[PDB]
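Asks: I'd like to ask you about the structure that follows.
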Amino acid sequence: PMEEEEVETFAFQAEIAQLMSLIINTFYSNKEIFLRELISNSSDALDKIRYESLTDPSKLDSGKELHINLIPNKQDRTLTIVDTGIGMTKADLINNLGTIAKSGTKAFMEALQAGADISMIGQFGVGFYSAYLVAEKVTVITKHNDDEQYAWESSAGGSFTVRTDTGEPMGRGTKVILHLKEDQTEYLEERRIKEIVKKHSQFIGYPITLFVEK
Ligand SMILES: C[C@@H]1C[C@H]2O[C@@H]2/C=C\C=C\C(=O)Cc2c(Cl)c(O)cc(O)c2C(=O)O1
């Protein structure tokens, strides 16, 4: 028999949609910083579970290992960044990834148009959206101790979907799946990934592991 699944489609907040259009429809050099930004977000999420767990070690019942895995797949043309940080409840997810104005959007767009390097994006708290420098679609899978596992996705166009996830369960954390644009396949190459992690993400305080396909 036919199966059913519930999907929730949301509109990006207006300024977030404009920031996405700017990122997507305009050339920036130095696109490589997308990875620094996502690793930074993972490192922060790992910090939040680590410190919470000091007071309450049962918060690590869903996994003690606090790390980041990078998983390129040339067949799928995806680069996946997995963390075991605090994760997001559904409400956290819709709050952090698009429905709520972010304090730094306006300010960041005026800087970028004014000629700022895209590299400045992390400082304005909208670093996630640098994913769209290199990805035509982003999927974000998340699991928080207080909620079920959810899948977020967007190909921009002003909207994103949320659903309960029917893929692999994770114990806790967030997985960002970048569906790369056809001209951005260098970010699936192990040499390039290592180069950019060395250059931008050296002082991250959790182990990071690159899985190379043989
Ligand atoms: C909300 C939680 C915890 C916050 O500390 C992280 C800081 C910024 C995160 C912003 C996001 O939008 C969600 C997020 C992204 Cl994008 C990511 O790439 C990796 C992650 O682990 C999280 C996450 O789960 O973030």
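Under the authors' numbering, think of the first position of the sequence shown as 11, with each following residue one higher.
We put the beta carbon where it would ideally sit given N, CA and C, even for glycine.
1) Checking the sheet assignment: what are the DSSP bridge partners for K185?
2) Taking a contact to mean a Cβ-Cβ separation below 8 Å, would you say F170 touches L107 in this structure?
3) Are the beta-carbon atoms belonging to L122 and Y160 less than 8 Å from one another?
4) List the residues that DSSP assigns as beta-bridge partners of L143.
5) Tell me whether the beta-carbon of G97 lies closer than 8 Å to the beta-carbon of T152.
6) For ligand 1, list every residue whose C-beta falls under 6 Å from any of its heavy atoms, going in chain order.
7) Count the other CB atoms within 10 Å of the CB of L220; is the residue buried (16 or more) or exposed (fewer)?
8) Can you tell me which of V172, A141, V207, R173 puts its alpha carbon nearest to the alpha carbon of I187?
9) Below 8 Å, can you find three or more Cβ-Cβ pairs linking the stretch 40 to 47 to the stretch 136 to 150?
10) For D86 and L56, which I take to be in contact (beta-carbon distance under 8 Å), what is that distance rounded to the nearest angstrom?
11) Please look up how many angstroms separate the CB atoms of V172 and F20, rounded, as I've assumed it's under 8 Å.
12) Could you tell me which residues DSSP puts in a beta bridge with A166?
Replies: Let me spell this out:
1) Here residue 185 corresponds to residue number 175 of the sequence shown, with the count starting at 1. Partner(s): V92, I151.
2) On the sequence shown, residue 170 is found 160 positions in, with the first residue counted as 1. On the sequence shown, residue 107 is found 97 positions in, with the first residue counted as 1. Yes. Within cutoff.
3) Residue mapping note: residue 122 aligns to position 112 of the sequence shown, counting from 1. Residue mapping note: residue 160 aligns to position 150 of the sequence shown, counting from 1. No, Cβ-Cβ distance for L122 and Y160 is not below 8 Å.
4) Here residue 143 is taken as the residue at index 133 of the sequence shown, counted from 1. Note: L143 sits in no beta bridge, so no partner.
5) Counted from its first residue, the sequence shown places residue 97 at position 87. Counted from its first residue, the sequence shown places residue 152 at position 142. Going by C-beta atoms, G97 is nearer than 8 Å to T152.
6) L48, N51, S52, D54, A55, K58, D93, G95, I96, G97, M98, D102, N106, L107, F138, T152, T184, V186
7) Within the sequence shown, the letter at position 210 stands for residue 220. It is exposed - the Cβ of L220 has fewer than 16 other Cβ atoms within 10 Å.
8) Against the sequence shown, residue 187 aligns to sequence position 177. It is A141.
9) yes
10) Along the sequence shown, one-based indexing puts residue 86 at 76. Along the sequence shown, one-based indexing puts residue 56 at 46. Not quite, the Cβ-Cβ distance comes to about 26 Å (not below 8 Å), so this is no contact.
11) Sequence index remark: in the sequence shown, residue 172 carries index 162 (1-based). Sequence index remark: in the sequence shown, residue 20 carries index 10 (1-based). Confirmed, Cβ separation roughly 7 Å.
12) Against the sequence shown, residue 166 aligns to sequence position 156. DSSP, once it has assigned bridges, lists no residue as partnering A166.
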